[PDB]
Structures are given as C-alpha cells and as structure tokens.
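Shown next as structure tokens: one chain only, the form deposited without the partner chain.
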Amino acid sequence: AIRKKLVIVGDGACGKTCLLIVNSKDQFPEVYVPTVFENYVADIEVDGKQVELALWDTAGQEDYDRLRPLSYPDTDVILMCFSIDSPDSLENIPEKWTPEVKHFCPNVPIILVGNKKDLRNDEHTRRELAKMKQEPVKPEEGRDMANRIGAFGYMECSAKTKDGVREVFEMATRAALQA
C-alpha cells in the first residue's frame, strides 16, 4: 500500500477533530478531545490503488502556535479548514493558515475545506450572525479563497450530517498522490 501523511489545520472550533472522527470511526463515544491522540488511518482506494493516509490533528487556538509545527514534517497533503458559520475563520485562511502551512510544508497541496455546511441554512446560526450584521459563508467565497491562496481545490462538508466528508478525504488522497 502507499503511505501518505495528511495534516488538518484551521481556526479553533471550526470542526477539525469532528471531521477526522466521523470519517475514521463507526462509533463516536462522548468524550470531548481537543485533538485526536490515537493513530487514525484512512484506507482509501484511488483508481485501483490502496492508499494508507495517516491523519494528524492540530490545535486551532493561538496558544498552541509554538508547538503546532511539530506536526508538519513530511506532510503529503493539507486540509485547511474554516467554518461556514464563521466569516472570521475564513478571513484567517489567507492571514494565518496559508503563510504558516506554506512555510513549514513547502509545495504540499492544500485542500481548502468549508466545514459545518449544515449550518448555512440553520435558523439559529442565521440569527446569531445576523445580530452582528454577518451571514454564513457562500460557496463562491470559498472558491474565490481557494483560487487566491493557490489551493488544489475547495470542498464543503458537514461532520454532523456526513455530507461531503468522503469526498474530502478521497480528494485529499488524489492530491497527495501527485508528487
């Protein structure tokens, strides 16, 4: 089998851990974990080839900035996430995540991922953003950002409903197999 390393980054609470858990496991017990601390491996088939994808979770909060790069050596693909319910998390894609990952992971493909897609039409989310004169991120804004930062692609998913989650990891595998 082909061995590749994936790292997931993005703003605190944008859904990174949930995304890794829902693709990897068949039962999600009630423990909250800031980062996956066991060795999660995605077994994915791409055009008749078996890829083993080691999934490396990272902490989004800034107090973890000094230790985060320990996760970066020898990465084959990056999942760079924001939350569709958070315009602020999208703004931090070009301002923080892109220069960090480009420094520590030169020439490594980035898949830009809009998480929490289920919240785009959620009434509570709409109201909480509306009170501050904001709204959920639109798909064209994700596309434009992926173009701006030089990402290999833009995808949307929901760890809650599972929509789009297989596709994210299958596309990450395809990107990782290019170099």
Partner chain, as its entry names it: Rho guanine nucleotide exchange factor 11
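Positions refer to the first chain, counted from 1. In this text, rigid core is short for the largest set of C-alphas that superpose within 1.5 Å between two forms.
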- Message: Of the other PDB entries for this protein whose models extend past residue 25 on both sides, does at least a third leave it without coordinates?
- Response: yes
- Checking the other entries of this protein that model its neighbours, is residue 61 missing in at least a third? yes
- Task: Could you settle it for me: does 133-141 or 41-49 have the higher average Cα B factor in the PDB entry?
- Result: 41-49
- Is the mean CA B factor in the deposited entry higher across 24-32 or across 52-60? 24-32
- Item | Third of chain Cα B-factors occupied by residue 125 | middle
- Query: Going by the entry, which third of its chain does the Cα temperature factor of residue 66 land in?
  - Reply: highest
- Task: Taking the values exactly as deposited, rank residue 107 by C-alpha B-factor within its chain and report the matching third: lowest, middle or highest.
- Result: highest
- Would you mind ranking residue 74 by its C-alpha B-factor against the rest of the chain and naming the third, lowest, middle or highest? middle
- Ranked against its chain, the third holding the CA B-factor of residue 11: middle
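Separately, the form deposited with the partner chain bound exists; it is not shown, and the next lines address it.
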- Message: in the deposited bound form, does residue 127 come within 4.5 Å of the partner chain, counting heavy atoms only?
- Response: no
- Query: Hey, in the deposited bound form, does residue 36 get a heavy atom within 4.5 angstroms of the partner chain?
  - Reply: yes
- Report yes if any heavy atom of residue 154 sits within 4.5 Å of a heavy atom of the partner chain in the deposited bound form; otherwise report no. no
- Message: So in the deposited bound form, is the partner chain close enough to residue 52 to count as touching (4.5 Å, heavy atoms)?
- Response: yes
- Item | Identity of the moved residue from 61, 147, 121, 50, C-alpha shift 2 angstroms or more, core fit between this form and the one not shown | 61
- Taking the rigid core as the reference frame, is the Cα of residue 35 displaced by 2 Å or more between this form and the one not shown? yes
- Since the CA distance of residue 27 and residue 162 differs by 3 Å or more in the deposited bound form, is it closer or farther than in the form displayed? closer
- Message: With a change of at least 3 Å, which way does the C-alpha separation between residue 28 and residue 85 go in the deposited bound form: closer or farther?
- Response: closer
